[PDB]
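Here you get one chain, nothing else, as structure tokens; it is the form deposited in one PDB entry.
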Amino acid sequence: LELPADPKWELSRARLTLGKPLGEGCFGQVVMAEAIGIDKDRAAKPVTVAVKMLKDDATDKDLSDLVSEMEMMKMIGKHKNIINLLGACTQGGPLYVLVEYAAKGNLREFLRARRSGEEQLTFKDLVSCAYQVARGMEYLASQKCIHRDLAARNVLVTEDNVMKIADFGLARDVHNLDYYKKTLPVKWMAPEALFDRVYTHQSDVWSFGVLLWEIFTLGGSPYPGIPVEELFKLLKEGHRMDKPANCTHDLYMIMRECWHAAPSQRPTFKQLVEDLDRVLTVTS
């Protein structure tokens, strides 16, 4: 693979050992791996990382897309609540892009597994998740970045229970079809993004509202049972999801504010961080 080497990011292949594919879906693209020297404090320690790689039969677009996503992560910079770029192997072999490893999977599965048992999460723990996703989104918005698909599936949880937004630098095709027919992204989409293909940081705020509903339903499916045809009618008429059973009134007003039809009437991510911060303080 003929590519330029960015020395400050280049990792030696001797330091990387590839492991098992992560997740059953899209297998082979993302694998678990160990990288020695990633932690500046412990040079000898192998650090578990996630490695994105191309398929054996990949197109030149697939390669350019992966390089562009890596390059956009370099521009955006690092934040605790986003999946960060750790390095890359671009010379003398196949392209490997290293990102932070999230042991506890995506937020939806993390919540569904912790609906019952000892690992069951408290109200404060669920508010902490919302605050961390809002913090990471505030940073991405400040760096001129629009996620376009903010949902629990695209938020990964570390072994230390840190929330990290994933695939933010990823370029997504606006529409698979008017009705995608894959037979779900439309439930998280704002009305302007869904009907007019308009994406702003305020459309991500609508998606954050749907994500907040996921958090307090512990990984619940938004608008359950409602077909896509009926969903378009319901949103145009002003109908919104009901308050999750284990959710406070003040938090449901934050959700209800994210779902204003007028984008500017929704709060900014700076304001959502501030609203979720006050919810964490009041509990004492």
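Think of the rigid core as the biggest set of C-alphas that the two forms share within 1.5 Å after superposition. Quick note: we count residues from 1 along the sequence shown, nothing fancier.
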property	result
Other entries lacking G92, at least a third	no
Missing coords for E192 in a third or more of other PDB entries	no
Chain break class at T183/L184 - deposited residues not modelled	4 to 9
Mean temperature factor over C-alpha atoms, higher-scoring stretch between 234-242 and 37-45	234-242
Residue range whose averaged C-alpha B-factor is higher in the record, 222-230 or 57-65	222-230
Criterion, highest CA B-factor; candidates, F123, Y199, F208, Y131	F123
Candidate set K164, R115, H147, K78 [ranked by C-alpha B-factor, highest]	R115
Relative C-alpha B-factor of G169, binned into the chain's lowest, middle or highest third	highest
Where the record places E100 (Cα B-factor, split into thirds across the chain)	lowest
Within-chain third of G25 by Cα B-factor, per the entry	highest
CA B-factor placement of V127, once the chain's modelled residues are sorted into thirds	middle
Among modelled residues of the same chain, the CA temperature factor third for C247	highest
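Omitted here: the form deposited in another entry. The next part is about that form.
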| property | result |
| --- | --- |
| Flagged residue of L170, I146, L126, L85 - C-alpha shift reaching 2 Å or more between this form and the one not shown, core superposed | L170 |
| Core-superposed comparison between this form and the one not shown, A102 Cα displacement 2 Å or beyond | no |
| Threshold 2 Å Cα movement between this form and the one not shown for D62, core superposed | yes |
| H249: Cα shift of 2 Å or greater between this form and the one not shown (core-aligned) | no |
| Closer or farther: C-alpha pair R172/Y139 in the other entry, relative to this form, given a change of 3 Å or more | closer |
| CA-CA separation of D178 and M189, closer or farther in the other entry than in the form shown [shift of 3 angstroms or more] | farther |
